[PDB]
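Chemist: CSV, C-alpha atoms, file data_9.csv:
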chain,number,residue,atom,x,y,z
A,1,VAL,CA,45.8,-18.4,-28.0
A,2,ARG,CA,45.0,-21.9,-27.6
A,3,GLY,CA,46.5,-24.3,-29.9
A,4,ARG,CA,43.4,-24.6,-32.1
A,5,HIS,CA,42.1,-21.0,-32.0
A,6,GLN,CA,43.0,-20.3,-35.6
A,7,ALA,CA,41.4,-23.6,-36.7
A,8,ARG,CA,38.2,-22.5,-34.9
A,9,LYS,CA,38.4,-19.0,-36.6
A,10,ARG,CA,38.7,-20.7,-40.0
A,11,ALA,CA,35.7,-22.9,-39.2
A,12,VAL,CA,33.6,-19.8,-38.6
A,13,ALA,CA,34.6,-18.5,-42.0
A,14,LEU,CA,33.7,-21.8,-43.6
A,15,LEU,CA,30.2,-21.8,-42.0
A,16,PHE,CA,29.8,-18.2,-43.2
A,17,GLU,CA,30.6,-19.2,-46.8
A,18,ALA,CA,28.2,-22.2,-46.6
A,19,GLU,CA,25.4,-19.9,-45.5
A,20,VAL,CA,26.1,-17.4,-48.3
A,21,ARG,CA,26.0,-20.2,-50.9
A,22,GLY,CA,23.0,-22.1,-49.4
A,23,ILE,CA,25.1,-25.3,-49.1
A,24,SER,CA,26.3,-27.5,-46.2
A,25,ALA,CA,29.5,-26.7,-44.4
A,26,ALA,CA,30.6,-30.2,-45.2
A,27,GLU,CA,30.5,-29.4,-48.9
A,28,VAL,CA,32.7,-26.3,-48.3
A,29,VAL,CA,35.1,-28.5,-46.4
A,30,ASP,CA,35.4,-30.9,-49.3
A,31,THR,CA,36.4,-27.9,-51.6
A,32,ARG,CA,38.9,-26.7,-49.0
A,33,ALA,CA,40.4,-30.2,-48.8
A,34,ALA,CA,40.8,-30.2,-52.6
A,35,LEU,CA,42.5,-26.8,-52.4
A,36,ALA,CA,44.9,-28.0,-49.7
A,37,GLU,CA,45.9,-31.1,-51.7
A,38,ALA,CA,46.5,-28.8,-54.8
A,39,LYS,CA,48.5,-26.1,-53.0
A,40,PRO,CA,49.8,-27.4,-49.7
A,41,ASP,CA,52.3,-24.6,-49.5
A,42,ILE,CA,49.7,-21.8,-49.3
A,43,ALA,CA,46.3,-23.4,-48.6
A,44,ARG,CA,46.5,-25.8,-45.7
A,45,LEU,CA,43.3,-27.0,-44.1
A,46,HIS,CA,43.8,-27.6,-40.4
A,47,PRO,CA,42.3,-31.0,-39.5
A,48,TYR,CA,40.3,-29.5,-36.7
A,49,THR,CA,38.7,-26.9,-39.0
A,50,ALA,CA,37.5,-29.8,-41.1
A,51,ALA,CA,36.2,-31.8,-38.1
A,52,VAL,CA,34.3,-28.8,-36.7
A,53,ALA,CA,32.7,-27.8,-40.0
A,54,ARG,CA,31.8,-31.4,-41.0
A,55,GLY,CA,30.5,-31.9,-37.4
A,56,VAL,CA,28.2,-28.9,-37.5
A,57,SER,CA,26.8,-30.2,-40.8
A,58,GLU,CA,26.3,-33.7,-39.4
A,59,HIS,CA,24.5,-32.4,-36.3
A,60,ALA,CA,22.9,-29.3,-37.7
A,61,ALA,CA,19.3,-29.7,-36.5
A,62,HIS,CA,20.3,-30.7,-33.0
A,63,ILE,CA,22.8,-27.8,-32.7
A,64,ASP,CA,20.2,-25.3,-34.0
A,65,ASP,CA,17.5,-26.6,-31.6
A,66,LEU,CA,19.8,-26.3,-28.6
A,67,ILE,CA,20.7,-22.7,-29.6
A,68,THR,CA,17.1,-21.7,-30.2
A,69,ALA,CA,16.1,-23.2,-26.8
A,70,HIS,CA,18.5,-20.8,-25.1
A,71,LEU,CA,17.7,-17.7,-27.1
A,72,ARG,CA,15.1,-16.5,-24.7
A,73,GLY,CA,12.4,-15.8,-27.3
A,74,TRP,CA,14.5,-15.2,-30.4
A,75,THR,CA,14.7,-17.1,-33.6
A,76,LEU,CA,18.2,-18.2,-34.9
A,77,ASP,CA,17.5,-16.2,-38.2
A,78,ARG,CA,17.5,-12.9,-36.3
A,79,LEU,CA,21.1,-13.2,-35.2
A,80,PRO,CA,24.0,-11.7,-37.3
A,81,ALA,CA,25.5,-14.4,-39.5
A,82,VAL,CA,28.9,-14.3,-37.6
A,83,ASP,CA,27.3,-14.8,-34.2
A,84,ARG,CA,25.2,-17.7,-35.6
A,85,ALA,CA,28.4,-19.3,-36.9
A,86,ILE,CA,30.3,-18.8,-33.6
A,87,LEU,CA,27.4,-20.4,-31.6
A,88,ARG,CA,27.2,-23.4,-34.0
A,89,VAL,CA,30.9,-24.1,-33.7
A,90,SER,CA,30.8,-23.8,-29.9
A,91,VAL,CA,27.7,-25.9,-29.5
A,92,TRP,CA,29.3,-28.6,-31.7
A,93,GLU,CA,32.3,-28.6,-29.3
A,94,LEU,CA,30.1,-28.8,-26.2
A,95,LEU,CA,28.4,-31.9,-27.6
A,96,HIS,CA,31.2,-33.6,-29.5
A,97,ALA,CA,34.7,-32.4,-28.4
A,98,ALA,CA,35.2,-34.1,-25.1
A,99,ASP,CA,38.9,-33.2,-24.9
A,100,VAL,CA,38.0,-29.5,-24.7
A,101,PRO,CA,36.8,-28.5,-21.2
A,102,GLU,CA,33.4,-26.7,-21.3
A,103,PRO,CA,34.7,-23.5,-19.8
A,104,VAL,CA,37.4,-23.5,-22.6
A,105,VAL,CA,34.8,-23.9,-25.3
A,106,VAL,CA,32.9,-20.9,-24.0
A,107,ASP,CA,36.0,-18.7,-23.6
A,108,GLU,CA,37.0,-19.5,-27.2
A,109,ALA,CA,33.6,-18.4,-28.4
A,110,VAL,CA,34.0,-15.2,-26.4
A,111,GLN,CA,37.4,-14.6,-28.0
A,112,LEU,CA,36.0,-15.2,-31.5
A,113,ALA,CA,33.2,-12.7,-30.9
A,114,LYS,CA,35.7,-10.1,-29.7
A,115,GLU,CA,37.8,-10.6,-32.8
A,116,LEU,CA,35.1,-10.9,-35.4
A,117,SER,CA,31.8,-9.4,-34.2
A,118,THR,CA,30.4,-6.5,-32.2
A,119,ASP,CA,31.4,-5.3,-28.7
A,120,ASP,CA,28.2,-6.7,-27.2
A,121,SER,CA,28.7,-10.1,-28.8
A,122,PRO,CA,31.1,-11.5,-26.2
A,123,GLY,CA,28.6,-11.1,-23.4
A,124,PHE,CA,25.8,-12.5,-25.6
A,125,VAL,CA,27.6,-15.7,-26.6
A,126,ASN,CA,28.9,-16.2,-23.0
A,127,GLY,CA,25.3,-15.9,-21.8
A,128,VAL,CA,23.8,-18.3,-24.3
A,129,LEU,CA,26.6,-20.9,-24.1
A,130,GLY,CA,26.7,-20.7,-20.3
A,131,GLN,CA,23.0,-21.9,-20.3
A,132,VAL,CA,23.6,-24.6,-23.1
A,133,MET,CA,26.4,-26.2,-21.1
L,1,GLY,CA,23.3,-12.1,-60.6
L,2,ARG,CA,25.6,-9.5,-59.3
L,3,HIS,CA,23.9,-9.4,-55.9
L,4,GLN,CA,25.0,-13.0,-55.1
L,5,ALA,CA,28.4,-12.2,-56.7
L,6,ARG,CA,28.8,-9.3,-54.2
L,7,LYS,CA,27.7,-11.7,-51.3
L,8,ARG,CA,30.4,-14.2,-52.4
L,9,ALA,CA,33.0,-11.4,-52.4
L,10,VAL,CA,32.1,-10.4,-48.8
L,11,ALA,CA,32.6,-14.0,-47.8
L,12,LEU,CA,35.9,-14.3,-49.7
L,13,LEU,CA,37.2,-11.1,-48.1
L,14,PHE,CA,36.2,-12.4,-44.6
L,15,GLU,CA,38.0,-15.7,-45.2
L,16,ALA,CA,41.1,-14.0,-46.6
L,17,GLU,CA,41.3,-11.7,-43.5
L,18,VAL,CA,41.1,-14.8,-41.3
L,19,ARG,CA,43.8,-16.6,-43.2
L,20,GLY,CA,46.1,-13.5,-43.3
L,21,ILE,CA,46.4,-13.6,-47.1
L,22,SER,CA,45.4,-11.1,-49.8
L,23,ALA,CA,42.0,-11.5,-51.3
L,24,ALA,CA,43.7,-11.6,-54.7
L,25,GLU,CA,45.7,-14.7,-53.6
L,26,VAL,CA,42.5,-16.4,-52.4
L,27,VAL,CA,40.9,-15.7,-55.8
L,28,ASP,CA,43.8,-16.9,-57.8
L,29,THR,CA,44.1,-20.3,-56.0
L,30,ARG,CA,40.3,-20.8,-56.0
L,31,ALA,CA,40.1,-20.0,-59.7
L,32,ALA,CA,43.0,-22.3,-60.6
L,33,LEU,CA,41.3,-25.2,-58.7
L,34,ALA,CA,38.0,-24.7,-60.7
L,35,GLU,CA,39.9,-24.7,-64.0
L,36,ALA,CA,41.5,-28.1,-63.0
L,37,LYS,CA,38.6,-29.8,-61.2
L,38,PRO,CA,35.2,-30.2,-63.1
L,39,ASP,CA,33.4,-30.8,-59.7
L,40,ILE,CA,34.6,-27.5,-58.2
L,41,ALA,CA,32.6,-24.5,-59.4
L,42,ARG,CA,34.1,-21.4,-60.9
L,43,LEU,CA,33.6,-18.0,-59.3
L,44,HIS,CA,31.3,-15.5,-60.8
L,45,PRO,CA,33.6,-13.1,-62.8
L,46,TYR,CA,32.3,-10.1,-60.8
L,47,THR,CA,33.3,-11.8,-57.5
L,48,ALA,CA,36.8,-12.2,-58.8
L,49,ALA,CA,37.0,-8.6,-60.1
L,50,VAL,CA,35.8,-7.2,-56.8
L,51,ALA,CA,38.2,-9.3,-54.7
L,52,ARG,CA,41.2,-8.7,-56.9
L,53,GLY,CA,40.2,-5.0,-57.1
L,54,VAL,CA,40.1,-4.6,-53.3
L,55,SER,CA,43.6,-6.1,-53.1
L,56,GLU,CA,44.9,-3.9,-55.9
L,57,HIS,CA,43.6,-0.7,-54.3
L,58,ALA,CA,43.6,-1.7,-50.6
L,59,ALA,CA,45.5,1.3,-49.3
L,60,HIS,CA,43.3,3.8,-51.1
L,61,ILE,CA,40.0,2.1,-50.2
L,62,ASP,CA,41.0,1.8,-46.5
L,63,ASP,CA,42.0,5.5,-46.4
L,64,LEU,CA,38.8,6.7,-47.9
L,65,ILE,CA,36.8,4.6,-45.4
L,66,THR,CA,38.8,5.7,-42.4
L,67,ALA,CA,38.4,9.4,-43.5
L,68,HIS,CA,34.6,8.9,-43.0
L,69,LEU,CA,34.6,6.8,-39.8
L,70,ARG,CA,35.0,9.9,-37.5
L,71,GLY,CA,37.9,8.7,-35.3
L,72,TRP,CA,36.9,5.1,-35.3
L,73,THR,CA,39.5,2.6,-36.8
L,74,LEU,CA,38.5,0.2,-39.6
L,75,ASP,CA,40.1,-2.7,-37.7
L,76,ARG,CA,37.6,-2.3,-34.8
L,77,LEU,CA,34.4,-2.7,-36.9
L,78,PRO,CA,32.8,-6.2,-37.1
L,79,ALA,CA,34.6,-8.1,-39.8
L,80,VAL,CA,31.6,-8.5,-42.1
L,81,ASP,CA,30.9,-4.7,-42.0
L,82,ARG,CA,34.6,-4.0,-42.9
L,83,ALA,CA,34.3,-6.4,-45.9
L,84,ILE,CA,31.0,-4.8,-47.1
L,85,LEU,CA,32.6,-1.3,-46.9
L,86,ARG,CA,35.7,-2.5,-48.9
L,87,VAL,CA,33.5,-4.1,-51.6
L,88,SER,CA,31.3,-1.0,-51.9
L,89,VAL,CA,34.1,1.6,-51.9
L,90,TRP,CA,35.8,-0.4,-54.6
L,91,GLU,CA,32.6,-0.3,-56.7
L,92,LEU,CA,32.3,3.5,-56.2
L,93,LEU,CA,35.9,3.9,-57.5
L,94,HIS,CA,36.1,1.2,-60.2
L,95,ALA,CA,32.7,-0.1,-61.2
L,96,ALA,CA,31.6,2.9,-63.4
L,97,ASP,CA,28.6,0.9,-64.9
L,98,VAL,CA,26.9,0.7,-61.5
L,99,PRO,CA,25.2,3.9,-60.4
L,100,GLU,CA,26.5,5.2,-57.1
L,101,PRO,CA,23.0,5.0,-55.5
L,102,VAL,CA,22.8,1.3,-56.6
L,103,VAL,CA,26.2,0.6,-55.0
L,104,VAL,CA,24.8,2.1,-51.7
L,105,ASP,CA,21.5,0.1,-52.0
L,106,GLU,CA,23.5,-3.2,-52.5
L,107,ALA,CA,25.7,-2.5,-49.5
L,108,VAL,CA,22.8,-1.7,-47.2
L,109,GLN,CA,21.0,-4.9,-48.4
L,110,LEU,CA,24.2,-7.0,-47.8
L,111,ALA,CA,24.4,-5.4,-44.3
L,112,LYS,CA,20.8,-6.4,-43.6
L,113,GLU,CA,21.2,-10.0,-44.8
L,114,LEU,CA,24.6,-10.7,-43.4
L,115,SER,CA,25.3,-8.4,-40.4
L,116,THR,CA,23.7,-6.6,-37.5
L,117,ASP,CA,20.4,-4.6,-37.1
L,118,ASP,CA,22.4,-1.4,-36.9
L,119,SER,CA,24.7,-2.3,-39.9
L,120,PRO,CA,22.4,-1.1,-42.7
L,121,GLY,CA,22.2,2.4,-41.2
L,122,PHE,CA,25.9,2.5,-40.4
L,123,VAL,CA,27.0,1.5,-44.0
L,124,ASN,CA,24.4,3.9,-45.5
L,125,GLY,CA,25.9,6.8,-43.5
L,126,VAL,CA,29.5,6.1,-44.3
L,127,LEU,CA,28.9,5.5,-48.0
L,128,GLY,CA,26.6,8.5,-48.3
L,129,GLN,CA,29.6,10.6,-47.2
L,130,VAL,CA,32.2,8.7,-49.3
L,131,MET,CA,30.1,9.3,-52.5
The structure in this file should be written as structure tokens.

Modeler:
Amino acid sequence: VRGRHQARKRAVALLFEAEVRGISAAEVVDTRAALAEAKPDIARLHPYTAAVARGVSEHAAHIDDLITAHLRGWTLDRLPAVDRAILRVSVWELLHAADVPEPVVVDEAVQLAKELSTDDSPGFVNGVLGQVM
Amino acid sequence: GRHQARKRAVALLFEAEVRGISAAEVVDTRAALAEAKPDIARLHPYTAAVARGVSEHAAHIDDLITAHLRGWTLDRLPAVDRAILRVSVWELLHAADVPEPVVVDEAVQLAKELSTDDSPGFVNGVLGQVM
């Protein structure tokens, strides 16, 4: 585990919450920032979680178009919510996190899929992201 | 309004598991914030009851699920499916006002909306044996 693996995993949970509530991930980040200021001992918000989730919101249509273009016939709505969240996090990093090597971005997506999703999800996300990059 | 309350409980359990904190502690800090900040919305009371309930009865809930997984472990399921089964087994045990078949329907529908194509049939099978 890479230094920011947990921050990425918390960003996947924030994107999932946003989709359940029908609100932007940036709005969920604002709430998490308030919680961190209120209870810094038990509810820290990693700065990278906030940057990833805010970033996905700021670039939502472009990220979704790039994913859809590499889904070989599928629509984004057909994916399981956790795989959609992992791909949105990863595509934001490919576009806007120049310090993270592209192979590292994909390997992190593969590790998130292993930890949170199905056993065929790692190969799926590697395939999609390998084409996006 | 309970379907959306159940969806918010699945999301809360997933975030709690990622954070490594009990779902009751997530509820308690989120509820305290909404009492102090007018701009931050309160949780539906049923979301809070479900999430505190799963924490209170975690060992029993996980044992009942594991007894009907046929050798599979609960920790190896997709995280959203583990959260949906914990919410649903809690309702079978402690939400006496909700008919058992309605609990199963809600879980199958949460699986369809939030998880995999195979998840609805999987949760229907496990819960059909738990009830």

Chemist: What separation in Å, quoted to one decimal, exists between CA of residue 70 in chain L and CA of residue 79 in chain A?

Modeler: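 According to the coordinates, CA of residue 70 in chain L and CA of residue 79 in chain A are separated by 27.1 Å.
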
Chemist: Pull out every residue of chain L that has at least one atom within 7 Å of chain A, counting all atoms listed in the file, and report them as a PDB file with C-alpha atoms, in the frame of the given file.

Modeler:
ATOM      1  CA  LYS L   7      27.700 -11.700 -51.300  1.00  0.00           C
ATOM      2  CA  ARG L   8      30.400 -14.200 -52.400  1.00  0.00           C
ATOM      3  CA  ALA L  11      32.600 -14.000 -47.800  1.00  0.00           C
ATOM      4  CA  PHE L  14      36.200 -12.400 -44.600  1.00  0.00           C
ATOM      5  CA  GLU L  15      38.000 -15.700 -45.200  1.00  0.00           C
ATOM      6  CA  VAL L  18      41.100 -14.800 -41.300  1.00  0.00           C
ATOM      7  CA  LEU L  33      41.300 -25.200 -58.700  1.00  0.00           C
ATOM      8  CA  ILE L  40      34.600 -27.500 -58.200  1.00  0.00           C
ATOM      9  CA  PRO L  78      32.800  -6.200 -37.100  1.00  0.00           C
ATOM     10  CA  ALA L  79      34.600  -8.100 -39.800  1.00  0.00           C
ATOM     11  CA  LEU L 114      24.600 -10.700 -43.400  1.00  0.00           C
ATOM     12  CA  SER L 115      25.300  -8.400 -40.400  1.00  0.00           C
ATOM     13  CA  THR L 116      23.700  -6.600 -37.500  1.00  0.00           C
TER      14      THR L 116
END

Chemist: Find the spatial neighbours of residue 15 in chain A, counting only C-alpha atoms, within a cut-off of 8 Å - ignore same-chain residues fewer than 6 positions away - and output them as a list in words.

Modeler: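 Those residues are residues 25, 53 and 85 of chain A.
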
Chemist: Counting all atoms listed in the file, what is within 9 Å of residue 110 in chain A, bar same-chain residues fewer than 2 positions away, as a short mmCIF file (atom, residue, chain, number, x, y, z; two decimals) with C-alpha atoms, in the frame of the given file?

Modeler:
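So selection_1.cif came out as:
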data_model
loop_
_atom_site.label_atom_id
_atom_site.label_comp_id
_atom_site.auth_asym_id
_atom_site.auth_seq_id
_atom_site.Cartn_x
_atom_site.Cartn_y
_atom_site.Cartn_z
CA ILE A 86 30.30 -18.80 -33.60
CA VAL A 105 34.80 -23.90 -25.30
CA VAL A 106 32.90 -20.90 -24.00
CA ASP A 107 36.00 -18.70 -23.60
CA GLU A 108 37.00 -19.50 -27.20
CA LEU A 112 36.00 -15.20 -31.50
CA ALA A 113 33.20 -12.70 -30.90
CA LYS A 114 35.70 -10.10 -29.70
CA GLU A 115 37.80 -10.60 -32.80
CA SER A 121 28.70 -10.10 -28.80
CA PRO A 122 31.10 -11.50 -26.20
CA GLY A 123 28.60 -11.10 -23.40
CA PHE A 124 25.80 -12.50 -25.60
CA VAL A 125 27.60 -15.70 -26.60
CA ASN A 126 28.90 -16.20 -23.00
#

Chemist: Calculated over only C-alpha atoms, which of the candidates L:48, L:19, L:89, L:103 has the smallest distance to residue 32 in chain L?

Modeler: L:48

Chemist: Can you pull out the residues contacting residue 57 in chain L? Cut-off 12 Å, using all atoms listed in the file, and skip same-chain residues under 5 positions away; I want them as an mmCIF file with C-alpha atoms, in the coordinates of the input.

Modeler:
data_model
loop_
_atom_site.group_PDB
_atom_site.id
_atom_site.type_symbol
_atom_site.label_atom_id
_atom_site.label_comp_id
_atom_site.auth_asym_id
_atom_site.auth_seq_id
_atom_site.Cartn_x
_atom_site.Cartn_y
_atom_site.Cartn_z
ATOM 1 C CA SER L 22 45.400 -11.100 -49.800
ATOM 2 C CA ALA L 23 42.000 -11.500 -51.300
ATOM 3 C CA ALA L 24 43.700 -11.600 -54.700
ATOM 4 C CA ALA L 49 37.000 -8.600 -60.100
ATOM 5 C CA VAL L 50 35.800 -7.200 -56.800
ATOM 6 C CA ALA L 51 38.200 -9.300 -54.700
ATOM 7 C CA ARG L 52 41.200 -8.700 -56.900
ATOM 8 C CA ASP L 62 41.000 1.800 -46.500
ATOM 9 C CA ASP L 63 42.000 5.500 -46.400
ATOM 10 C CA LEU L 64 38.800 6.700 -47.900
ATOM 11 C CA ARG L 86 35.700 -2.500 -48.900
ATOM 12 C CA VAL L 87 33.500 -4.100 -51.600
ATOM 13 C CA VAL L 89 34.100 1.600 -51.900
ATOM 14 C CA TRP L 90 35.800 -0.400 -54.600
ATOM 15 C CA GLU L 91 32.600 -0.300 -56.700
ATOM 16 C CA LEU L 93 35.900 3.900 -57.500
ATOM 17 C CA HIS L 94 36.100 1.200 -60.200
#

Chemist: Using only C-alpha atoms for the distances, tell me which of A:60, A:100, A:51, A:87 is nearest to residue 128 in chain A.

Modeler: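 Smallest separation from residue 128 in chain A among the options: A:87.
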
Chemist: Excluding residue 76 in chain A and its own-chain neighbours fewer than 5 positions away, which residues fall within 9 Å of it when counting only C-alpha atoms? Please give them as a PyMOL selection string.

Modeler: chain A and resi 64+67-68+71+84

Chemist: What does the distance between CA of residue 109 in chain L and CA of residue 73 in chain A come to in Å, to one decimal place?

Modeler: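 Separating CA of residue 109 in chain L from CA of residue 73 in chain A is a distance of 25.3 Å.
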
Chemist: Quick one: pull the distance between CA of residue 65 in chain L and CA of residue 88 in chain L, Å, one decimal.

Modeler: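 For CA of residue 65 in chain L relative to CA of residue 88 in chain L, the distance reads 10.2 Å.
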
Chemist: Rank L:54, L:1, L:31, L:6 by their smallest atom-to-atom distance to residue 107 in chain L, using all atoms listed in the file, and report the top residue only.

Modeler: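 Ranking L:54, L:1, L:31, L:6 by distance to residue 107 in chain L, first place goes to L:6.
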
Chemist: Which neighbours of residue 125 in chain L fall inside 12 Å, counting all atoms listed in the file, when residues of the same chain fewer than 6 positions from it are skipped, and could you give them as a list in words?

Modeler: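 Skipping anything fewer than 6 positions along the chain leaves residues 65, 68, 69, 70, 85, 104, 105, 107, 108, 118, 119 and 131 of chain L.
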
Chemist: Quick one: of A:23, A:127, A:96, A:75, who's nearest to residue 55 in chain A, counting all atoms listed in the file?

Modeler: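 Ranked by minimum distance to residue 55 in chain A, first place goes to A:96.
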
Chemist: In terms of the shortest atom-to-atom distance over only C-alpha atoms, which of A:69, A:56, A:109, A:133 is closest to residue 2 in chain A?

Modeler: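 Ranked by minimum distance to residue 2 in chain A, first place goes to A:109.
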
Chemist: Of the residues L:77, L:16, L:5, L:92, which is the one nearest to residue 129 in chain L, using all atoms listed in the file?

Modeler: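 The answer is L:92, which sits nearest to residue 129 in chain L.
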
Chemist: Place N, CA, C and O atoms on range 28-46 of chain L and deliver the coordinates as a compact mmCIF listing (two decimals), in the coordinates of the input.

Modeler:
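Generated file (part.txt):
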# COMPACT_ATOMS: atom_id res chain seq x y z
N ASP L 28 42.96 -16.22 -56.81
CA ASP L 28 43.80 -16.90 -57.80
C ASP L 28 43.92 -18.41 -57.47
O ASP L 28 43.73 -19.19 -58.43
N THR L 29 44.02 -18.85 -56.21
CA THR L 29 44.10 -20.30 -56.00
C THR L 29 42.69 -20.92 -56.17
O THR L 29 42.64 -22.03 -56.70
N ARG L 30 41.61 -20.24 -55.81
CA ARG L 30 40.30 -20.80 -56.00
C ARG L 30 39.92 -20.89 -57.48
O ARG L 30 39.28 -21.87 -57.90
N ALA L 31 40.37 -19.93 -58.29
CA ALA L 31 40.10 -20.00 -59.70
C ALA L 31 40.89 -21.08 -60.41
O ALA L 31 40.38 -21.83 -61.24
N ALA L 32 42.16 -21.25 -60.01
CA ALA L 32 43.00 -22.30 -60.60
C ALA L 32 42.40 -23.68 -60.29
O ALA L 32 42.38 -24.55 -61.16
N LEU L 33 41.88 -23.87 -59.08
CA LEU L 33 41.30 -25.20 -58.70
C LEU L 33 40.07 -25.47 -59.60
O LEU L 33 39.92 -26.59 -60.10
N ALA L 34 39.23 -24.47 -59.88
CA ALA L 34 38.00 -24.70 -60.70
C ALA L 34 38.36 -24.86 -62.16
O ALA L 34 37.52 -25.43 -62.88
N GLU L 35 39.55 -24.45 -62.58
CA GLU L 35 39.90 -24.70 -64.00
C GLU L 35 40.42 -26.18 -64.09
O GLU L 35 40.37 -26.74 -65.18
N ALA L 36 40.92 -26.75 -62.99
CA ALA L 36 41.50 -28.10 -63.00
C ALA L 36 40.45 -29.18 -62.64
O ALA L 36 40.53 -30.32 -63.10
N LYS L 37 39.53 -28.85 -61.74
CA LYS L 37 38.60 -29.80 -61.20
C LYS L 37 37.15 -29.49 -61.71
O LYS L 37 36.50 -28.55 -61.25
N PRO L 38 36.59 -30.36 -62.55
CA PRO L 38 35.20 -30.20 -63.10
C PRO L 38 34.19 -30.12 -61.98
O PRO L 38 33.18 -29.42 -62.15
N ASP L 39 34.35 -30.79 -60.84
CA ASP L 39 33.40 -30.80 -59.70
C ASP L 39 33.42 -29.50 -58.91
O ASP L 39 32.46 -29.25 -58.17
N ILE L 40 34.50 -28.74 -58.98
CA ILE L 40 34.60 -27.50 -58.20
C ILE L 40 34.17 -26.33 -59.06
O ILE L 40 34.74 -26.05 -60.12
N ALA L 41 33.12 -25.63 -58.66
CA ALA L 41 32.60 -24.50 -59.40
C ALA L 41 33.42 -23.27 -59.49
O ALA L 41 34.11 -22.88 -58.56
N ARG L 42 33.36 -22.65 -60.66
CA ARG L 42 34.10 -21.40 -60.90
C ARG L 42 33.43 -20.26 -60.14
O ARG L 42 32.24 -20.34 -59.82
N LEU L 43 34.21 -19.20 -59.88
CA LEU L 43 33.60 -18.00 -59.30
C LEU L 43 32.90 -17.18 -60.29
O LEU L 43 33.24 -17.20 -61.49
N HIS L 44 31.88 -16.43 -59.88
CA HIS L 44 31.30 -15.50 -60.80
C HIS L 44 32.41 -14.52 -61.17
O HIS L 44 33.16 -14.05 -60.28
N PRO L 45 32.56 -14.06 -62.42
CA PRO L 45 33.60 -13.10 -62.80
C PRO L 45 33.58 -11.82 -61.98
O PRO L 45 34.64 -11.19 -61.77
N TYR L 46 32.40 -11.35 -61.55
CA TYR L 46 32.30 -10.10 -60.80
C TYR L 46 32.85 -10.34 -59.37
O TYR L 46 33.49 -9.43 -58.85
